[PDB]
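Novice: Contents of coords.cif (mmCIF, C-alpha atoms):
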```cif
data_data
#
loop_
_atom_site.label_atom_id
_atom_site.label_comp_id
_atom_site.auth_asym_id
_atom_site.auth_seq_id
_atom_site.Cartn_x
_atom_site.Cartn_y
_atom_site.Cartn_z
CA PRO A 38 -9.77 25.42 175.37
CA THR A 39 -13.54 25.15 175.00
CA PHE A 40 -16.74 24.70 176.96
CA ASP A 41 -16.99 21.16 175.69
CA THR A 42 -14.30 19.80 178.03
CA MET A 43 -15.83 21.41 181.11
CA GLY A 44 -18.53 18.81 181.52
CA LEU A 45 -21.29 21.38 181.68
CA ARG A 46 -24.85 20.08 181.26
CA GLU A 47 -26.23 19.93 177.72
CA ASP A 48 -29.22 22.26 177.85
CA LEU A 49 -26.80 24.90 179.06
CA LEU A 50 -23.99 24.34 176.63
CA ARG A 51 -26.69 24.76 173.98
CA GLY A 52 -27.69 28.10 175.46
CA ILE A 53 -24.06 29.10 175.66
CA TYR A 54 -23.42 28.52 172.00
CA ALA A 55 -26.83 29.93 171.07
CA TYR A 56 -26.08 33.01 173.10
CA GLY A 57 -23.11 33.18 170.75
CA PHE A 58 -20.37 32.76 173.34
CA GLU A 59 -18.25 30.23 171.38
CA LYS A 60 -14.92 30.10 173.17
CA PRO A 61 -13.97 30.93 176.78
CA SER A 62 -10.86 32.90 177.74
CA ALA A 63 -7.89 31.13 179.26
CA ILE A 64 -8.46 32.68 182.68
CA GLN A 65 -12.25 32.59 182.38
CA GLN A 66 -12.06 28.86 181.97
CA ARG A 67 -10.39 28.73 185.37
CA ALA A 68 -12.97 31.01 186.95
CA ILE A 69 -15.74 28.80 185.63
CA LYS A 70 -14.01 25.51 186.30
CA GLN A 71 -13.25 26.67 189.83
CA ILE A 72 -16.61 28.18 190.75
CA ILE A 73 -18.21 24.91 189.73
CA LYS A 74 -15.83 22.94 191.95
CA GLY A 75 -17.40 25.05 194.67
CA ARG A 76 -14.34 27.02 195.66
CA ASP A 77 -14.75 30.62 196.86
CA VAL A 78 -13.43 32.80 194.07
CA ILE A 79 -11.96 36.26 193.70
CA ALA A 80 -11.94 37.03 190.01
CA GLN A 81 -10.59 40.34 188.87
CA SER A 82 -12.72 41.73 186.07
CA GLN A 83 -11.01 42.95 182.91
CA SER A 84 -12.53 45.00 180.08
CA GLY A 85 -13.38 42.25 177.66
CA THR A 86 -16.03 39.81 176.44
CA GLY A 87 -18.98 38.77 178.57
CA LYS A 88 -17.43 39.20 182.00
CA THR A 89 -21.08 38.60 182.92
CA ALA A 90 -21.54 35.26 181.19
CA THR A 91 -18.40 33.78 182.69
CA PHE A 92 -19.91 33.69 186.15
CA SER A 93 -23.48 33.38 184.88
CA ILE A 94 -22.48 30.19 183.11
CA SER A 95 -21.08 29.14 186.47
CA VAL A 96 -24.20 30.01 188.42
CA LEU A 97 -26.48 28.28 185.96
CA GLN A 98 -24.46 25.05 185.88
CA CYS A 99 -24.66 24.68 189.65
CA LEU A 100 -28.46 24.53 189.95
CA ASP A 101 -31.23 22.03 190.76
CA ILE A 102 -34.01 22.89 188.33
CA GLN A 103 -36.55 20.45 189.80
CA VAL A 104 -36.31 22.43 193.07
CA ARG A 105 -37.93 25.78 192.42
CA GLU A 106 -36.49 28.03 195.09
CA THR A 107 -33.74 30.68 195.18
CA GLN A 108 -30.39 28.84 194.97
CA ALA A 109 -28.08 31.59 193.81
CA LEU A 110 -28.08 35.28 194.71
CA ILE A 111 -26.29 37.99 192.74
CA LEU A 112 -25.74 41.55 193.93
CA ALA A 113 -24.86 44.42 191.63
CA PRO A 114 -24.24 48.15 192.02
CA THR A 115 -27.13 49.29 189.84
CA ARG A 116 -30.72 48.46 188.96
CA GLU A 117 -29.89 48.66 185.26
CA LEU A 118 -27.00 46.25 185.63
CA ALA A 119 -28.95 43.94 187.97
CA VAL A 120 -31.41 43.51 185.15
CA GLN A 121 -28.77 42.96 182.48
CA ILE A 122 -27.49 40.07 184.58
CA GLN A 123 -31.00 38.68 184.51
CA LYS A 124 -31.71 39.19 180.82
CA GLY A 125 -28.38 37.47 180.30
CA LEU A 126 -28.94 34.59 182.66
CA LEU A 127 -32.30 33.95 181.01
CA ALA A 128 -30.76 34.14 177.60
CA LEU A 129 -28.09 31.65 178.61
CA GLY A 130 -30.44 29.10 180.10
CA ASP A 131 -33.29 29.64 177.68
CA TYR A 132 -33.03 25.88 177.18
CA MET A 133 -33.11 25.10 180.88
CA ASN A 134 -36.56 26.56 181.50
CA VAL A 135 -35.00 28.44 184.41
CA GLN A 136 -36.78 31.11 186.48
CA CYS A 137 -34.66 34.16 187.26
CA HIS A 138 -35.63 37.59 188.61
CA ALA A 139 -34.10 40.99 189.30
CA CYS A 140 -35.41 42.98 192.25
CA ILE A 141 -36.14 46.71 192.31
CA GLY A 142 -38.56 49.38 191.22
CA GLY A 143 -40.73 50.24 194.19
CA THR A 144 -43.67 50.82 191.86
CA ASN A 145 -43.00 47.15 191.31
CA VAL A 146 -42.45 45.81 194.87
CA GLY A 147 -45.75 43.94 194.49
CA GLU A 148 -44.70 42.22 191.29
CA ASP A 149 -41.31 41.84 193.00
CA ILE A 150 -42.73 39.80 195.87
CA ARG A 151 -45.25 38.19 193.54
CA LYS A 152 -42.46 36.48 191.61
CA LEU A 153 -40.17 35.71 194.54
CA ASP A 154 -42.95 33.37 195.66
CA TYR A 155 -43.48 31.64 192.32
CA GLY A 156 -39.94 30.55 193.14
CA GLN A 157 -37.01 32.34 191.53
CA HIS A 158 -34.05 30.02 190.91
CA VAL A 159 -31.71 33.00 190.86
CA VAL A 160 -32.13 36.54 192.11
CA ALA A 161 -30.20 39.67 191.34
CA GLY A 162 -30.62 43.17 192.68
CA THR A 163 -28.78 45.98 194.42
CA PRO A 164 -27.63 45.04 197.95
CA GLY A 165 -30.24 47.38 199.37
CA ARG A 166 -33.27 46.01 197.61
CA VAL A 167 -32.10 42.42 197.96
CA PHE A 168 -31.73 42.87 201.72
CA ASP A 169 -35.21 44.31 201.92
CA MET A 170 -36.80 41.29 200.27
CA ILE A 171 -34.87 39.14 202.77
CA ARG A 172 -35.97 41.22 205.73
CA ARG A 173 -39.59 41.20 204.53
CA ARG A 174 -39.33 37.43 204.69
CA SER A 175 -40.18 37.44 200.96
CA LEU A 176 -36.84 36.09 199.70
CA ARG A 177 -36.04 32.53 200.85
CA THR A 178 -32.35 32.16 201.75
CA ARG A 179 -32.79 28.68 203.24
CA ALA A 180 -31.77 26.92 200.02
CA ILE A 181 -29.30 29.51 198.70
CA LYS A 182 -25.93 27.95 198.00
CA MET A 183 -24.07 30.72 196.16
CA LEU A 184 -23.61 34.45 196.61
CA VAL A 185 -22.08 36.41 193.74
CA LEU A 186 -20.93 39.97 194.30
CA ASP A 187 -20.52 41.47 190.79
CA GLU A 188 -18.60 44.75 190.27
CA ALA A 189 -18.01 44.74 194.03
CA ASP A 190 -15.38 47.46 193.95
CA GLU A 191 -18.18 49.63 192.57
CA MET A 192 -20.76 48.41 195.09
CA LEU A 193 -18.51 50.06 197.66
CA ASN A 194 -17.95 53.36 195.85
CA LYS A 195 -21.76 53.54 196.06
CA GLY A 196 -21.58 52.72 199.76
CA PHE A 197 -23.39 49.40 200.09
CA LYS A 198 -20.78 48.11 202.52
CA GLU A 199 -23.19 47.37 205.36
CA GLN A 200 -26.06 46.05 203.25
CA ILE A 201 -23.76 43.49 201.70
CA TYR A 202 -22.56 42.35 205.12
CA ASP A 203 -26.15 42.15 206.35
CA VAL A 204 -27.14 39.97 203.40
CA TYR A 205 -24.31 37.52 204.04
CA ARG A 206 -25.66 37.07 207.55
CA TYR A 207 -29.10 35.91 206.32
CA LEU A 208 -27.37 33.45 204.10
CA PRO A 209 -26.72 29.92 205.46
CA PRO A 210 -23.42 29.01 207.32
CA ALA A 211 -21.27 27.49 204.51
CA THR A 212 -22.13 29.61 201.48
CA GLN A 213 -20.05 29.74 198.31
CA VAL A 214 -19.11 33.32 197.55
CA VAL A 215 -17.76 34.46 194.18
CA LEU A 216 -16.57 38.05 194.20
CA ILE A 217 -16.12 39.79 190.86
CA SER A 218 -14.29 43.05 190.63
CA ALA A 219 -12.23 45.29 188.40
CA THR A 220 -10.13 46.64 191.32
CA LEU A 221 -9.08 45.21 194.65
CA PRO A 222 -8.84 47.80 197.46
CA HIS A 223 -7.42 47.26 200.94
CA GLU A 224 -11.06 46.99 202.00
CA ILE A 225 -12.49 44.53 199.44
CA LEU A 226 -9.91 42.25 200.92
CA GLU A 227 -11.24 43.13 204.35
CA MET A 228 -14.47 41.72 203.00
CA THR A 229 -13.12 38.72 201.06
CA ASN A 230 -11.24 37.15 203.89
CA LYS A 231 -14.16 38.11 206.18
CA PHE A 232 -16.48 35.53 204.54
CA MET A 233 -14.50 33.35 202.15
CA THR A 234 -12.41 30.46 203.35
CA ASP A 235 -9.29 29.58 201.31
CA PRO A 236 -10.47 31.40 198.17
CA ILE A 237 -9.07 30.96 194.72
CA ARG A 238 -7.64 34.23 193.55
CA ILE A 239 -7.66 34.91 189.80
CA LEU A 240 -5.84 38.15 189.20
CA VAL A 241 -4.51 40.25 186.45
CA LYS A 242 -1.03 41.04 187.73
CA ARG A 243 1.41 38.34 188.66
CA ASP A 244 1.14 37.61 192.31
CA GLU A 245 3.95 35.52 193.65
CA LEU A 246 4.87 33.40 196.61
CA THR A 247 7.36 34.84 199.04
CA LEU A 248 7.74 33.65 202.64
CA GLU A 249 7.82 37.14 204.27
CA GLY A 250 5.58 37.15 207.37
CA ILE A 251 6.27 33.49 208.01
CA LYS A 252 7.73 32.22 211.12
CA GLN A 253 9.90 29.25 210.24
CA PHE A 254 11.19 26.78 212.74
CA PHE A 255 12.73 23.38 212.95
CA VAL A 256 12.53 20.85 215.70
CA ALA A 257 15.82 19.09 215.99
CA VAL A 258 14.55 15.55 216.16
CA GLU A 259 17.31 13.07 215.73
CA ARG A 260 16.16 10.01 213.68
CA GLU A 261 12.71 9.13 212.02
CA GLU A 262 11.13 6.86 214.61
CA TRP A 263 11.47 9.79 216.92
CA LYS A 264 9.53 12.10 214.59
CA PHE A 265 6.14 10.62 215.45
CA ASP A 266 6.39 11.27 219.19
CA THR A 267 7.61 14.80 218.44
CA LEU A 268 4.52 15.35 216.35
CA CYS A 269 2.08 14.14 218.94
CA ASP A 270 3.77 16.23 221.67
CA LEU A 271 2.94 19.16 219.39
CA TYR A 272 -0.46 17.95 218.11
CA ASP A 273 -2.70 18.75 221.06
CA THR A 274 -1.59 22.48 220.56
CA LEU A 275 -1.82 22.00 216.75
CA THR A 276 -5.53 21.31 216.23
CA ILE A 277 -5.73 24.79 217.86
CA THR A 278 -6.01 25.37 214.15
CA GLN A 279 -6.02 22.98 211.31
CA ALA A 280 -2.67 22.07 209.95
CA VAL A 281 -1.26 20.58 206.85
CA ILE A 282 1.49 18.15 207.30
CA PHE A 283 3.57 17.35 204.35
CA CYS A 284 5.55 14.29 203.49
CA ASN A 285 7.74 13.11 200.65
CA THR A 286 6.24 9.66 199.78
CA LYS A 287 2.95 7.75 199.42
CA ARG A 288 3.99 4.96 201.81
CA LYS A 289 4.97 7.70 204.29
CA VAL A 290 1.64 9.47 204.35
CA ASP A 291 -0.27 6.24 204.47
CA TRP A 292 2.00 5.22 207.33
CA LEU A 293 1.66 8.50 209.24
CA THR A 294 -2.11 8.49 208.73
CA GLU A 295 -2.67 4.91 209.97
CA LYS A 296 -0.18 5.52 212.79
CA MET A 297 -2.09 8.63 213.88
CA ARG A 298 -5.52 7.10 213.54
CA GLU A 299 -4.64 3.92 215.58
CA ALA A 300 -3.80 6.52 218.17
CA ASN A 301 -7.12 8.37 217.92
CA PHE A 302 -6.29 11.47 215.86
CA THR A 303 -8.65 13.15 213.37
CA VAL A 304 -6.57 13.10 210.21
CA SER A 305 -7.25 13.37 206.48
CA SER A 306 -4.68 12.19 203.97
CA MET A 307 -4.25 12.52 200.22
CA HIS A 308 -1.60 11.67 197.62
CA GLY A 309 -1.04 11.25 193.88
CA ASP A 310 -2.64 7.86 193.29
CA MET A 311 -6.10 9.35 193.83
CA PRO A 312 -9.15 10.72 191.82
CA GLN A 313 -9.60 14.31 190.62
CA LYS A 314 -12.98 14.21 192.40
CA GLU A 315 -12.18 12.39 195.64
CA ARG A 316 -8.99 14.42 196.18
CA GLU A 317 -10.85 17.73 196.08
CA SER A 318 -13.55 15.90 197.99
CA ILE A 319 -11.19 15.54 200.97
CA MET A 320 -10.24 19.17 200.65
CA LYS A 321 -13.90 20.12 200.87
CA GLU A 322 -13.88 18.54 204.33
CA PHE A 323 -10.54 20.08 205.22
CA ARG A 324 -11.08 23.68 204.08
CA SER A 325 -14.46 23.29 205.73
CA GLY A 326 -13.23 22.87 209.34
CA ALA A 327 -14.43 19.28 209.13
CA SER A 328 -10.90 17.96 209.57
CA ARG A 329 -8.17 19.68 211.59
CA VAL A 330 -5.02 17.92 210.39
CA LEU A 331 -4.39 16.97 206.79
CA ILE A 332 -1.32 14.91 205.94
CA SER A 333 -0.35 14.87 202.29
CA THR A 334 2.43 14.69 199.73
CA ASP A 335 3.03 17.69 197.53
CA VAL A 336 0.32 17.13 194.98
CA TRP A 337 -0.55 20.67 194.06
CA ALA A 338 1.11 21.65 190.78
CA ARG A 339 0.89 25.43 191.05
CA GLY A 340 2.63 27.16 193.93
CA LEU A 341 -0.15 29.27 195.45
CA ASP A 342 -2.75 26.54 194.98
CA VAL A 343 -1.97 25.07 198.41
CA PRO A 344 -4.34 25.38 201.40
CA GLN A 345 -3.75 28.76 203.01
CA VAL A 346 -3.75 27.05 206.37
CA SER A 347 -1.90 28.97 209.13
CA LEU A 348 0.36 26.15 210.23
CA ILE A 349 2.39 23.91 207.95
CA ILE A 350 4.52 21.06 209.19
CA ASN A 351 7.16 19.82 206.81
CA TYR A 352 7.32 16.32 208.30
CA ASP A 353 10.08 15.81 205.79
CA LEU A 354 12.34 18.47 204.45
CA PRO A 355 11.98 18.52 200.68
CA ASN A 356 14.96 17.44 198.56
CA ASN A 357 15.33 20.37 196.20
CA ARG A 358 15.29 23.80 197.62
CA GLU A 359 12.76 25.39 195.30
CA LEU A 360 9.68 23.76 196.61
CA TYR A 361 10.28 24.24 200.29
CA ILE A 362 8.91 27.68 199.47
CA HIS A 363 6.35 26.16 197.14
CA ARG A 364 5.02 24.47 200.26
CA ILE A 365 5.14 27.15 202.99
CA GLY A 366 5.31 30.38 201.00
CA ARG A 367 2.37 32.77 201.03
CA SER A 368 0.82 35.32 198.66
CA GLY A 369 2.38 38.50 199.85
CA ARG A 370 -0.03 41.05 198.45
CA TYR A 371 -3.05 38.96 199.53
CA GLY A 372 -1.70 36.38 201.90
CA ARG A 373 -2.31 35.54 205.53
CA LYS A 374 0.85 35.62 207.69
CA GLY A 375 1.66 32.30 209.31
CA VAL A 376 3.77 29.43 210.60
CA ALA A 377 5.73 26.37 209.50
CA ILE A 378 7.58 23.94 211.73
CA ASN A 379 10.25 21.84 210.05
CA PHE A 380 11.36 18.35 211.26
CA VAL A 381 15.07 18.16 210.41
CA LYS A 382 17.03 15.11 211.50
CA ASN A 383 20.81 14.97 211.71
CA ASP A 384 21.09 13.75 208.14
CA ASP A 385 19.11 16.85 207.15
CA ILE A 386 20.40 19.45 209.51
CA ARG A 387 22.36 20.11 206.35
CA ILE A 388 19.56 20.33 203.71
CA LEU A 389 18.14 22.70 206.23
CA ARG A 390 21.09 25.06 205.89
CA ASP A 391 20.88 24.95 202.11
CA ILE A 392 17.23 26.02 202.31
CA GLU A 393 17.94 28.76 204.80
CA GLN A 394 20.73 29.95 202.53
CA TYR A 395 18.64 29.62 199.39
CA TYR A 396 15.75 31.87 200.32
CA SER A 397 18.07 34.03 202.32
CA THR A 398 15.67 33.57 205.26
CA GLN A 399 16.03 32.47 208.86
CA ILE A 400 14.74 29.21 210.27
CA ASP A 401 14.93 29.03 214.09
CA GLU A 402 14.49 26.14 216.55
CA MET A 403 11.10 25.69 218.18
CA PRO A 404 10.74 27.68 221.40
CA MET A 405 8.69 26.31 224.33
CA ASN A 406 6.54 29.25 223.30
CA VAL A 407 3.69 27.67 221.29
CA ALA A 408 1.75 30.64 222.68
CA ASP A 409 3.20 32.40 219.64
CA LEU A 410 0.65 30.47 217.63
CA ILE A 411 -1.79 33.09 218.96
CA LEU A 412 -1.99 34.90 215.61
CA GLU A 413 -5.45 34.83 214.02
#
```
Starting from the file, lay out its structure as structure tokens.
Specialist:
Amino acid sequence: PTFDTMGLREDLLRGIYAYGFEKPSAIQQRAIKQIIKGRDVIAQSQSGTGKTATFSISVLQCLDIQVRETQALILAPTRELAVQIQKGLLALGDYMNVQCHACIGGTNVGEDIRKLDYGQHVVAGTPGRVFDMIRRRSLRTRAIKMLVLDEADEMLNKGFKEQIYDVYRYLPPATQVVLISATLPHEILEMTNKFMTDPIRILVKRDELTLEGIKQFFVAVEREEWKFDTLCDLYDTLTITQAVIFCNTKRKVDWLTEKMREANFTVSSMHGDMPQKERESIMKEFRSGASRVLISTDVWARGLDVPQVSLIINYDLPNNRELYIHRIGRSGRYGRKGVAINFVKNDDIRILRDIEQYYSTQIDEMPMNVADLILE
């Protein structure tokens, strides 16, 4: 596992190796790989090598040199550290002729603003100071596309709660937010889910899927051609939120998609026969709020790596009771409660029992009550 296979730009990879960082951790590779994809990330810091570089490498990669204006903003708990981040960023992109500044001083506020105008590609500073420069109309958020909250757990122990929040506000509507932190309190979560849609969590302790908190139901359709109507009947109350509708085969997604679109229905659809860059390209739309109903086959390899949408419709019960959970199960320690409606036909009223019996859970029949879809 190296930096070579990550398709990072040359002038950076040079800096990386020159900086001396020769091989990325197993997890760090994910962090990087994922931040680049654009996903919101929650990486738990661990006493080790360059927990700074890992995200710095990320930040740097995702830049537009030719456009001199603040594109990435990093907040840290201390002036000293804010600087480090800078000295490091500069050292990593020495070969990218990148402009990067750290805000603070007071005796320096003039030099502070002086540089912000020359156009700082990346800015770092304590939440307080950074907010000030934004308030003073000195720091240009307009083109910012990434907010990184380093040592966040600490930022809070030093009570920057509000300032952070305030800074998010000045940032544009869809902004990528990478939070780095050694610990994860019941309040850092309150912040993560408060401005991070379907984030990638990279933790230290095993977090595992479990369907506790999930309301599971089944709509006793009878045969397949009757499924469609049953879906529609539900659909106008569905888009209430987005929804991911599964399926077991390519031809069956394709069918369902076409059949829903010739009926005027905003629907995205992805399967296995597609590109590692168009697939995640659809997702972009979907996690965005740009598409309400996504119909797909089970493509995600990992368990947790499935959209944390609040409503999942197994259009087809899965034929091996160990992925029914893979599909609808949540995170437990960091998951959002939710719903999943199952479409079991007579030939499957059985497979349904096996699943119910397997996870030792209960799957009820859909009540008229869709008003139970009230939850967040």
Novice: What's around stretch 371-386 of chain A at 8 Å? Count all atoms listed in the file, leave out sequence neighbours fewer than 2 positions away in its own chain, and write the answer as a PyMOL selection string.
Specialist: chain A and resi 226+249-261+264+345+347-354+365+367-369+388-390+403+410+412
Novice: Pull the neighbourhood of (-33.4, 26.1, 198.9) for me: all residues within 9 Å in file coordinates, counting all atoms listed in the file, as JSON, numbers by chain.
Specialist: {"A": [104, 105, 106, 107, 108, 158, 177, 178, 179, 180, 181, 182]}
Novice: Between A:176, A:79, A:248, A:120, single out the one closest to residue A:221, counting only C-alpha atoms.
Specialist: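 Ranking A:176, A:79, A:248, A:120 by distance to residue A:221, first place goes to A:79.
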Novice: Residues within 12 Å of residue A:295, please, as an MDAnalysis selection string. Count only C-alpha atoms; anything in the same chain fewer than 4 positions from it doesn't count.
Specialist: chainID A and resid 265 288:291 299:306 332
Novice: With only C-alpha atoms as the atoms that count, which of A:270, A:190, A:317, A:322 lies nearest to residue A:405?
Specialist: A:270
Novice: When the PyMOL selection byres ((chain A and resi 212-218) around 9) is applied to the file above, which residues end up in the set, as a PDB file with C-alpha atoms, keeping the file's coordinate frame?
Specialist:
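File written: expr.pdb
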```
ATOM      1  CA  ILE A  72     -16.610  28.180 190.750  1.00  0.00           C
ATOM      2  CA  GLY A  75     -17.400  25.050 194.670  1.00  0.00           C
ATOM      3  CA  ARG A  76     -14.340  27.020 195.660  1.00  0.00           C
ATOM      4  CA  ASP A  77     -14.750  30.620 196.860  1.00  0.00           C
ATOM      5  CA  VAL A  78     -13.430  32.800 194.070  1.00  0.00           C
ATOM      6  CA  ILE A  79     -11.960  36.260 193.700  1.00  0.00           C
ATOM      7  CA  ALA A  80     -11.940  37.030 190.010  1.00  0.00           C
ATOM      8  CA  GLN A  81     -10.590  40.340 188.870  1.00  0.00           C
ATOM      9  CA  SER A  82     -12.720  41.730 186.070  1.00  0.00           C
ATOM     10  CA  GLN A  83     -11.010  42.950 182.910  1.00  0.00           C
ATOM     11  CA  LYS A  88     -17.430  39.200 182.000  1.00  0.00           C
ATOM     12  CA  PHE A  92     -19.910  33.690 186.150  1.00  0.00           C
ATOM     13  CA  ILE A 181     -29.300  29.510 198.700  1.00  0.00           C
ATOM     14  CA  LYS A 182     -25.930  27.950 198.000  1.00  0.00           C
ATOM     15  CA  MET A 183     -24.070  30.720 196.160  1.00  0.00           C
ATOM     16  CA  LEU A 184     -23.610  34.450 196.610  1.00  0.00           C
ATOM     17  CA  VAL A 185     -22.080  36.410 193.740  1.00  0.00           C
ATOM     18  CA  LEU A 186     -20.930  39.970 194.300  1.00  0.00           C
ATOM     19  CA  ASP A 187     -20.520  41.470 190.790  1.00  0.00           C
ATOM     20  CA  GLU A 188     -18.600  44.750 190.270  1.00  0.00           C
ATOM     21  CA  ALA A 189     -18.010  44.740 194.030  1.00  0.00           C
ATOM     22  CA  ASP A 190     -15.380  47.460 193.950  1.00  0.00           C
ATOM     23  CA  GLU A 191     -18.180  49.630 192.570  1.00  0.00           C
ATOM     24  CA  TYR A 205     -24.310  37.520 204.040  1.00  0.00           C
ATOM     25  CA  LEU A 208     -27.370  33.450 204.100  1.00  0.00           C
ATOM     26  CA  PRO A 209     -26.720  29.920 205.460  1.00  0.00           C
ATOM     27  CA  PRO A 210     -23.420  29.010 207.320  1.00  0.00           C
ATOM     28  CA  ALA A 211     -21.270  27.490 204.510  1.00  0.00           C
ATOM     29  CA  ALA A 219     -12.230  45.290 188.400  1.00  0.00           C
ATOM     30  CA  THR A 220     -10.130  46.640 191.320  1.00  0.00           C
ATOM     31  CA  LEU A 221      -9.080  45.210 194.650  1.00  0.00           C
ATOM     32  CA  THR A 229     -13.120  38.720 201.060  1.00  0.00           C
ATOM     33  CA  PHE A 232     -16.480  35.530 204.540  1.00  0.00           C
ATOM     34  CA  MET A 233     -14.500  33.350 202.150  1.00  0.00           C
ATOM     35  CA  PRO A 236     -10.470  31.400 198.170  1.00  0.00           C
TER      36      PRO A 236
END
```
Novice: Report, in Å with one decimal, the straight-line distance from atom CA of residue A:43 to atom CA of residue A:62.
Specialist: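 Atom-to-atom, atom CA of residue A:43 to atom CA of residue A:62, that is 13.0 Å.
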Novice: Using all atoms listed in the file, pick whichever of A:89, A:247, A:39, A:318 has the shortest atom-to-atom distance to residue A:341.
Specialist: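 Using all atoms listed in the file, residue A:341 sits closest to A:247.
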Novice: Have a look at atom CA of residue A:411 and atom CA of residue A:274 and let me know their distance in Å, one decimal.
Specialist: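 Computing the Euclidean distance for atom CA of residue A:411 and atom CA of residue A:274 yields 10.7 Å.
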Novice: Just the number, please: distance in Å from atom CA of residue A:87 to atom CA of residue A:56, one decimal.
Specialist: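 Answer for the atom CA of residue A:87 to atom CA of residue A:56 separation: 10.7 Å.
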Novice: Evaluate the PyMOL selection byres ((chain A and resi 167) around 10) here and jot the selected residues down as a PDB file with C-alpha atoms, keeping the file's coordinate frame.
Specialist:
```
ATOM      1  CA  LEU A 110     -28.080  35.280 194.710  1.00  0.00           C
ATOM      2  CA  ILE A 111     -26.290  37.990 192.740  1.00  0.00           C
ATOM      3  CA  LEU A 112     -25.740  41.550 193.930  1.00  0.00           C
ATOM      4  CA  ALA A 113     -24.860  44.420 191.630  1.00  0.00           C
ATOM      5  CA  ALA A 139     -34.100  40.990 189.300  1.00  0.00           C
ATOM      6  CA  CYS A 140     -35.410  42.980 192.250  1.00  0.00           C
ATOM      7  CA  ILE A 141     -36.140  46.710 192.310  1.00  0.00           C
ATOM      8  CA  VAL A 160     -32.130  36.540 192.110  1.00  0.00           C
ATOM      9  CA  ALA A 161     -30.200  39.670 191.340  1.00  0.00           C
ATOM     10  CA  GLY A 162     -30.620  43.170 192.680  1.00  0.00           C
ATOM     11  CA  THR A 163     -28.780  45.980 194.420  1.00  0.00           C
ATOM     12  CA  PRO A 164     -27.630  45.040 197.950  1.00  0.00           C
ATOM     13  CA  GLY A 165     -30.240  47.380 199.370  1.00  0.00           C
ATOM     14  CA  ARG A 166     -33.270  46.010 197.610  1.00  0.00           C
ATOM     15  CA  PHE A 168     -31.730  42.870 201.720  1.00  0.00           C
ATOM     16  CA  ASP A 169     -35.210  44.310 201.920  1.00  0.00           C
ATOM     17  CA  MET A 170     -36.800  41.290 200.270  1.00  0.00           C
ATOM     18  CA  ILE A 171     -34.870  39.140 202.770  1.00  0.00           C
ATOM     19  CA  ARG A 172     -35.970  41.220 205.730  1.00  0.00           C
ATOM     20  CA  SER A 175     -40.180  37.440 200.960  1.00  0.00           C
ATOM     21  CA  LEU A 176     -36.840  36.090 199.700  1.00  0.00           C
ATOM     22  CA  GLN A 200     -26.060  46.050 203.250  1.00  0.00           C
ATOM     23  CA  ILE A 201     -23.760  43.490 201.700  1.00  0.00           C
ATOM     24  CA  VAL A 204     -27.140  39.970 203.400  1.00  0.00           C
TER      25      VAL A 204
END
```
Novice: Hey, which of A:312, A:142, A:222, A:61 ends up closest to residue A:91? Count only C-alpha atoms.
Specialist: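 Smallest distance to residue A:91 is found for A:61.
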Novice: Could you check which of A:69, A:408, A:49, A:330 is closest to residue A:279, using all atoms listed in the file?
Specialist: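 Between A:69, A:408, A:49, A:330, the residue approaching residue A:279 most closely is A:330.
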Novice: Starting from the PyMOL selection byres ((chain A and resi 42) around 12), expand the selection into actual residues of this file and give them as a list in words.
Specialist: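 After applying the PyMOL selection byres ((chain A and resi 42) around 12), what remains is residues 38, 39, 40, 41, 43, 44, 45, 46, 47, 50, 60, 61, 66, 69 and 70 of chain A.
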Novice: What does the file look like for those residues with C-alpha atoms, as a short mmCIF file (atom, residue, chain, number, x, y, z; two decimals), in the coordinates of the input?
Specialist:
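What follows is the written file part-v8.cif:
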```
data_model
loop_
_atom_site.label_atom_id
_atom_site.label_comp_id
_atom_site.auth_asym_id
_atom_site.auth_seq_id
_atom_site.Cartn_x
_atom_site.Cartn_y
_atom_site.Cartn_z
CA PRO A 38 -9.77 25.42 175.37
CA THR A 39 -13.54 25.15 175.00
CA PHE A 40 -16.74 24.70 176.96
CA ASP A 41 -16.99 21.16 175.69
CA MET A 43 -15.83 21.41 181.11
CA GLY A 44 -18.53 18.81 181.52
CA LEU A 45 -21.29 21.38 181.68
CA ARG A 46 -24.85 20.08 181.26
CA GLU A 47 -26.23 19.93 177.72
CA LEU A 50 -23.99 24.34 176.63
CA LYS A 60 -14.92 30.10 173.17
CA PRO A 61 -13.97 30.93 176.78
CA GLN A 66 -12.06 28.86 181.97
CA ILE A 69 -15.74 28.80 185.63
CA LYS A 70 -14.01 25.51 186.30
#
```
